[PDB]
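Observations on the model geometry
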Amino acid sequence: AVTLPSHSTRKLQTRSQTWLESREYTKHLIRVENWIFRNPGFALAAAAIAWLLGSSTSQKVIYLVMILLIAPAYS
Amino acid sequence: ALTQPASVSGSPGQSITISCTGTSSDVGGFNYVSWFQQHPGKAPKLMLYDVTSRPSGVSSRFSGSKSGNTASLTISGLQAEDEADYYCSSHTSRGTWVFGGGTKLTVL
Amino acid sequence: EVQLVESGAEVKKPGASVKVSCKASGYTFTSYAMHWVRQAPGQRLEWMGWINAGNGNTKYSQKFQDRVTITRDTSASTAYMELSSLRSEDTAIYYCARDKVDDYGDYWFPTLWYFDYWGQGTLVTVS
Amino acid sequence: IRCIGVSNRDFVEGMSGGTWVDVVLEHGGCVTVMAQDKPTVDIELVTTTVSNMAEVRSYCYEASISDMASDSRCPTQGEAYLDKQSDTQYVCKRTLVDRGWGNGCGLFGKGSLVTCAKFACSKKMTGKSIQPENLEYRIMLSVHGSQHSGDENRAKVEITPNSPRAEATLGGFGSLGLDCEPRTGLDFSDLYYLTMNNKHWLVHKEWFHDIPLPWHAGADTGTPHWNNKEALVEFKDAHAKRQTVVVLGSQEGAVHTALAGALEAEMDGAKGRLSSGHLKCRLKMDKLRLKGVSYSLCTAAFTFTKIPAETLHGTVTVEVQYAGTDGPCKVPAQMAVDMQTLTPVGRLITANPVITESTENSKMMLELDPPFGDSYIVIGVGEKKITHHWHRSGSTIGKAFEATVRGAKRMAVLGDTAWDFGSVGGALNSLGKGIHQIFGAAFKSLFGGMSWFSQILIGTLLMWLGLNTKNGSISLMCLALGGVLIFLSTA
Amino acid sequence: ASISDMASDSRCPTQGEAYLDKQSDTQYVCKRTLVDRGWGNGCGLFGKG
Amino acid sequence: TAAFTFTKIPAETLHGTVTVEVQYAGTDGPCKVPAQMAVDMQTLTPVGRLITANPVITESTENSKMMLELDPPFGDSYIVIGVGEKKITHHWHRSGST
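A brief report on the enclosed structure follows.

1. Notes on the state of the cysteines
All names here are of chain C. Enumeration over the complete set of coordinates arrives at 8 disulfides over all chains. Each disulfide pairs two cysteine sulfurs, and for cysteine 22 the partner residue is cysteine 96, the sulfurs being separated by 2.0 Å. In this structure the cystine formed by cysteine 22 and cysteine 96 twists about its S-S bond by roughly 80 degrees; its chirality is therefore right-handed. Residue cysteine 22 is located in strand β4 (residues 22–25), and its partner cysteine 96 is located in strand β10 (residues 92–100); the two are separated by 74 residues in the primary sequence. Across the pair, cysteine 96 and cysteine 22 agree in class, each one buried.

Here it is as structure tokens:
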């Protein structure tokens, strides 16, 4: 069906390569980059919402990053 | 319901094996495997229960083994009084009993 | 010691019904379950069913679910098997075998050595 | 030999228990165990076969649908009921439809529609349960000595939990005893064996159970009965006046990506071969002897036949040819500097090299561990000693750094077991192993549901957190970060 | 209501799950639970079947 | 003083105890079964507890059978049955902690 849990949660650790090892990092970065490239307006909106939250600058930057990670996954 | 060879023959003094192939519900999953010997005229006699285990007054020549879905009775040192019918039986998972086709052993 | 003795051989025309007993001796009849096994001439053995002589529960095989009735008589230490609507295929030898019933009085799981003692047999001839 | 070119081989030198040495064998590389007066032995794990697995819950990844039917009721009646809802082979769905006075129902509310379609499955995939019993490992070991670069020098050892210890008999060399731990090797009590279509995987439990696909439940005997029967059937409806049933597409490429971090496996007949695990063996080398001692020295001539080559770890393999017919005979060989004073520098990995045949031109291969400077491989006795010039690259400091990197990678791969590779046995080793067990349990409980990116993200996040938190928990964060980020950047 | 011929199916601790052929029949009420098993009962393993 | 074989396996009960079923090949009559739980086969030091009797084989025939149960330590260990050079051993792992 639609959910189909990923197995990388329970990755079997051994000397040999796992099933699809070469694709993990580029997988997630590609999803995020493609969504942000298609929708920049939400980059603006997430910057604003993150600015309204969090006192210090570090908190606001962390909020911006976490919003821009939650949005492409619709998690 | 259990696949057994039609007949098996062996000269006196050597070992021989009778196999019994079942499914994952009767022989594959359970240690409920028994071997009965039946001389003509008499009623069957329990030769082995619990796969390997055997009753008290039974000669230690009869041995039992099991691998996957196949049980096996092994007779080492084939004696004279061994020509009879050998039947394997198993208690299925659903609570019923199944018997084997039957094997006529000939000591020649 | 343990002795299961059945009634003598019987001949019946098709359509009739046979009733074969199995008298037990040498042990406590109430604490054992009796199985009935049919053997065709020179063929495999066929399990037909069992009866728990303690409380009276029975279980028949799918092949004989609606043709066989097994009952018991504790006071007389007997187990009767009645087969109705006989056919030419039913010409075979009927054996009875004991099996120990669990200490709780139920017969859910059989004991590893099911058919440790048998009956001598009884030939039912369908003509 | 058999481990010269492996590039993931480990040297287990000496013994302080005098008799035995612990060792963890992995599928990737092999171990050369070298004692003080015993022949070097190369030990490798080759295959692990699993036997007589029991089927559990085959799923269905390609569905097919069949004669659809439907039933409908006027707006004020009961509910639609198809006589094929009492059949466990049909997928049925009930909805509401606009009806009335045009369709042939005199009332205008919403009627009830039921649509059913017969479900059939092509290409079920099936998982099977592995028990740590009836799981067999094959260990191949070989001895150094007389074998040329290309049987009293090799042995094969089958190890199952029923017989965890064995003795490899190497004629004239004695016998190597191995007591091994086959059960606790790779945790095969959470791992199923999955097959889809002639492709088999080693898969975790609790991933093979949270899959949303129509599943049977073990013994497929007659007419198969799929339990979820949806997740491959979509019930659309047109503009409030119809209903349609479609099937989803074959789901085999979605599972292939759902599997990621699940090991590949192969299968021969009823048995499944894994090529990734790790066994732990204690090696008792107390019946290992040196075959070559009490041999007269070979004094005819020696010629290099291939060249001295350098393995990936610094050692030097040398293949020599002997000219004289002497017999079983001991080869003189060493590493030297300052050929006036032939003082043995470096160490030679072959335990003892001996020429074992009595023919004209015999062949032998030895290997040796040269020092780091320039040196000379000297083979021969006198006035006929061939010398080859050798140059080894990196100082001892680089060797210690590479040793620590190998140890870190072995820890990241094996978890707590890494403390058992030279486990001769001390209070310090046991203390380290214990505190590592505690910390590993804690870390696997807290983290360990993350996959190279969640771990990198949380590593950077906690790294900033510990860097600027200014409390005494700085160290706790940064250490957890060391753990996480190396667990990422080492695999 | 009225009830009729009961039946049951059991499996060893490390197997799949029990399955009666009368679970694919919409005229039967079926319930699945866990039962103590092992060695004595006749299946060699000791978990819950 | 004979050789023992493992008829089935050393199964694990729910509470951690091991059940072992052994078969005896010699004919020494009623005799004690030497059984222990050990690590470090070099120095056979008894670790754990054997929740069974001073296990004995009753019959005097060629092949007899026995069932004994053991309470092993939490680490990895070996079931050691037999006296010397014929002692069968089995590898066994227990999960919990004290």
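2. Some thoughts on the interface of chain A and chain D
Taken together, the contact between chain A and chain D spans 27 residues of the former and 46 residues of the latter. When chain A packs against chain D, close to 3,200 Å² is buried across both sides, 64% of that on carbon and sulfur atoms. It is A:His7, A:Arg15 and A:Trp19 in chain A that bury the most area against chain D; as a group they hold 27% of the surface buried on that side. Run the count over chain A and chain D and you get 2 salt bridges. One salt bridge connects D:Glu206 with A:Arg10, and the closest N-O pair in it is separated by 2.3 Å. Counting across the chain A and chain D interface gives 9 residue pairs in polar contact. The leading source of residues in the side of chain A that touches chain D is helix α1 (residues 24–38) of chain A, at 4 residues. In the side of chain A that touches chain D, the residues fall into 10 nonpolar, 12 polar and 5 charged.

3. Focus: unusual backbone geometry
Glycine aside, negative phi is the norm for most residues, and most peptide bonds take the trans geometry. One non-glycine residue, D:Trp101, lies in positive phi territory at about 70 degrees. Examined against the element boundaries, D:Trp101 turns out to sit in the loop between β7 (90–98) and β8 (110–129).

4. Some details on helix α2 (residues 396–414) of chain D
Residue and element names in this part refer to chain D. The end-to-end C-alpha separation of α2 is 27 Å, in line with the 27 Å expected for 19 residues at 1.5 Å each. What α2 keeps buried is the set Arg410, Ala412, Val413 and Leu414. Residues of α2 that are buried in the fold lie against β1 (10–13), β2 (20–26), β19 (278–288) and α5 (474–489). Of the residues one or two after α2, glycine 415 is the one with positive phi, at around 75 degrees.

5. Thoughts on the packing of aromatic side chains
For the structure shown, the criterion picks out 27 aromatic pairs over all chains. Here B:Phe36 and C:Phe115 contribute two aromatic rings whose centre-to-centre distance is 6.1 Å and whose plane-to-plane angle is 35 degrees, an arrangement assigned as tilted. Of this pair, B:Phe36 sits in strand β3 (residues 33–38) while C:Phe115 sits in the loop between β10 and β11 (123–126), on two different chains. Using a relative accessible area of 1% as the deciding quantity, one classes B:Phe36 as buried. Owing to a relative accessible area of 0%, C:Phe115 belongs among the buried residues under this scheme.

6. A short note on the packing of helix α4 (residues 454–468) of chain D against α5(D)
All names here are of chain D. Contact geometry for α4 and α5: axes closest at 8 Å, N-to-C directions at 155 degrees. Between α4 and α5, the angle falls in the class roughly antiparallel. Crossing of α4 against α5: the hand is left-handed. Across from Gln455, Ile456, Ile458, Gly459, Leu462, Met463, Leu465 and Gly466 in α4, the residues of α5 making contact are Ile474, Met477, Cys478, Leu481, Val484, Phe487 and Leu488.

7. Focus: the environment of C:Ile93
Residue and element names in this part refer to chain C. Among the secondary structure elements, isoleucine 93 is positioned in strand β10. A C-alpha to C-alpha distance of 17 Å links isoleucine 93 and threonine 69, two positions 24 residues apart in sequence. Residues within four places of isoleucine 93 in sequence aside, it is in contact with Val37, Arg38, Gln39, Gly121, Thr122 and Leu123.

8. Considering the pattern of salt bridges
Residues and elements named next belong to chain C. A complete count under the given rule lists 50 salt bridges over all chains for this structure. A salt bridge links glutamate 46 to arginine 38, with the nearest nitrogen and oxygen atoms 2.4 Å apart. Shared partners join several salt bridges into a network, and the residues in it are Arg38, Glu46, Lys63, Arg67, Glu89 and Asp90.

9. Thoughts on the nonpolar core
Counting 48 residues, the largest nonpolar core has D:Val23, D:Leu25, D:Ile43, D:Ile139, D:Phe188, D:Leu202 and D:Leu283 as its most contacted members. Apart from residues lying up to four places away in sequence, D:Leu202 is in contact with A:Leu12, D:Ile130, D:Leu186, D:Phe188, D:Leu191, D:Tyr192, D:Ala262 and D:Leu263. Listed in part, the 28 residues of the second largest apolar core include D:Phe119, D:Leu194, D:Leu232 and D:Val255.

10. Side note on a nonpolar patch on the surface
A surface patch of nonpolar side chains, about 260 Å² in accessible area, is lined by A:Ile49, A:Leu53 and A:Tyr63. With respect to the secondary-structure elements, A:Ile49 resides in helix α2 (residues 41–52).

11. A look at the packing of α2(A) against helix α3 (residues 57–73) of chain A
Residue and element names in this part refer to chain A. Between α2 and α3, the least distance of the axes is 8 Å, while the angle of their chain directions is 140 degrees. Between α2 and α3, the angle is such that the two are oblique. When the axes of α2 and α3 are compared, the crossing they make is right-handed. Here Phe42, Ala43, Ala46, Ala47, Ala50 and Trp51 of α2 lie close against α3, whose contacting residues are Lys60, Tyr63, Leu64, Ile67, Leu68 and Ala71.

Quick notes on the rules
- Residues numbered from 1 in each chain as written, not as in the entry; some residues may be left out.
- Chains lettered and ligands numbered in written order.
- Part of a larger assembly, values for the part shown.
- Heavy atoms only, no water.
- Disulfide = S-S within 2.5 Å.
- Helix = DSSP H or I, 4+ residues; strand = E, 2+ residues; numbered from the N terminus.
- Buried < 20%, exposed > 50% of the residue type's maximum accessible area, 1.4 Å probe, protein only.
- Contact = heavy atoms within 4.5 Å.
- Buried area = accessible area lost by both parts, 1.4 Å probe.
- Salt bridge = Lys/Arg side-chain N within 4 Å of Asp/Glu carboxyl O.
- Polar contact = N/O pair within 3.5 Å; in protein donor to acceptor, adjacent residues only side chain to side chain.
- Nonpolar A, V, L, I, M, F, W, Y, C, P; charged D, E, K, R; others polar.
- Expected span 1.5 Å × (residues − 1).
- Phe/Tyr/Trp six-rings, centres within 6.5 Å; stacked < 30°, edge-to-face > 60°.
- Axes fitted to C-alpha atoms, helices over the stretch in contact; angles between N-to-C directions.
- Parallel < 35°, antiparallel > 145°, perpendicular 65-115°, else oblique.
- Left-handed = near helix turned anticlockwise from the far one by under 90°.
- Core = buried A, V, L, I, M, F, W, Y, C linked by side-chain atoms within 4.5 Å.
- Patch = residues over 30% accessible without salt bridge, like charges linked within 9 Å, V, L, I, M, F, W, Y side chains within 5 Å.
- Areas by Shrake-Rupley, 256 points an atom, 1.4 Å probe, with all protein chains shown as cover.

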